[PDB]
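First the structure, in the form of structure tokens, and then the observations on it.
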Ligand SMILES: CC(C)C[C@H](NC(=O)[C@@H](O)CC(=O)O)C(=O)NCCCCNC(N)=[NH2+]
């Protein structure tokens with residue numbers, strides 16, 4: 002595949018976000034993926050609402066927990082998601098409004114587990130959301146350079162792989178521009194089930210046209 006690919010320079014990836022003192026990693030991640038797939042086939046780059054998710058994906062748990070195989074189905078079975086402007090962020094759950102369906106997808110497809118060689122495939126076609134063990138000190142206290150550091154698998158956080166390189170990943174978090182490398186964190190590539198288990202639960206939204 003292309004040795005090195007970045008969806009941030011292609012104009013597919015929106016600026017960094019900030020989930021806030023709220024356990025909504027599961028929403029931010031799974032949502033920024035549906036943002037870049039819609040900015041690839043359609044050609045439009047919109048910032049959808051992570052709040053319509055905390056307020057409507059009842060299946061999940063707003064600010065305290067969430068999974069990918071349930072944030073996606075929500076967005077499809079409902080006709081779509083609403084933008085951020087319309088449905089701004091509040092940093093906490095609440096009722097579920099009369100929002101519109103500005104975007105949507107046909108489904109979602111999972112990538113072969115603990116297989117990074119082919120995860121580089123999906124991430125080479127479009128941003129793929131993943132889960133990791135983002136509770137370690139070095140992880141939580143990463144700033145620059147390529148993060149090798151300590152962390153045992155057993156995922157707890159969700160993010161978006163927006164690119165990669167000869168030996169590292171370009172992970173997209175959701176803790177503001179003041180964390181890691183301007184909101185992002187480059188995680189080394191290859192290892193088995195991945196660094197902080199990166200290749201354990203891969204996933205990305207699909208689309209027609
Ligand atoms: C794979 C990714 C999506 C991890 C996921 N984490 C979350 O949804 C959030 O808590 C993420 C966050 O940092 O806000 C997760 O596994 N959450 C578990 C749900 C609650 C389990 N915890 C309990 N019940 N002690």
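In our numbering, the protein residues as written are 2 to 210.
Virtual Cβ for every residue (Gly too), placed ideally from N, Cα, C.
If you check the beta carbons only, do residue 38 and residue 133 fall under 8 Å apart? Contact check for residue 38 against residue 133 fails: the beta carbons are separated by 8 Å or more.
Exposure label - residue 173; buried when at least 16 CB within 10 Å: With at least 16 other beta carbons inside 10 angstroms of its own, residue 173 counts as buried.
Does the Cβ of residue 26 lie closer than 7 Å to at least one heavy atom of ligand 2? In the structure on display, ligand 2 does not appear, and the ligands it does have are ligand 1.
Selected residue, minimal CA-CA separation from residue 156, among 91, 51, 58, 200: Nearest C-alpha to residue 156: 200.
Give me, in chain order, the residues of the same chain whose beta-carbon lies closer than 6 Å to that of residue 1; leave out the 5 immediate sequence neighbours on both sides. The structure shown does not extend to residue 1, since the chain is modelled only from 2 through 210, so no value can be given for it.
Any heavy atom of ligand 1 closer than 7 Å to the CB of residue 68? Answer for residue 68: yes, Cβ within range of ligand 1.
Give me, in chain order, the residues of the same chain whose beta-carbon lies closer than 8 Å to that of residue 68; leave out the 5 immediate sequence neighbours on both sides. If the five residues before and after residue 68 are omitted, its C-beta is found closer than 8 Å to the C-beta atoms of 27, 61, all from its own chain and listed in chain order.
Going by the CB atoms, is the gap between residue 161 and residue 33 shorter than 8 Å? It is a contact, given that the beta carbons lie within the stated cut-off.
With a threshold of 8 Å, are at least 3 pairs of Cβ atoms found where one atom belongs to the segment 98 to 113 and the other to the segment 133 to 149? Because the criterion of three Cβ pairs below 8 Å is not met, the segment 98 to 113 and the segment 133 to 149 do not touch.
The segment 110 to 118 touching the segment 72 to 81, judged by at least three CB pairs closer than 8 Å: The answer is no - the segment 72 to 81 does not touch the segment 110 to 118, with fewer than three Cβ pairs under 8 Å.
State the beta-bridge partners of residue 1 as determined by DSSP. Since the displayed the chain opens at 2 and closes at 210, residue 1 lies outside it and no answer follows.
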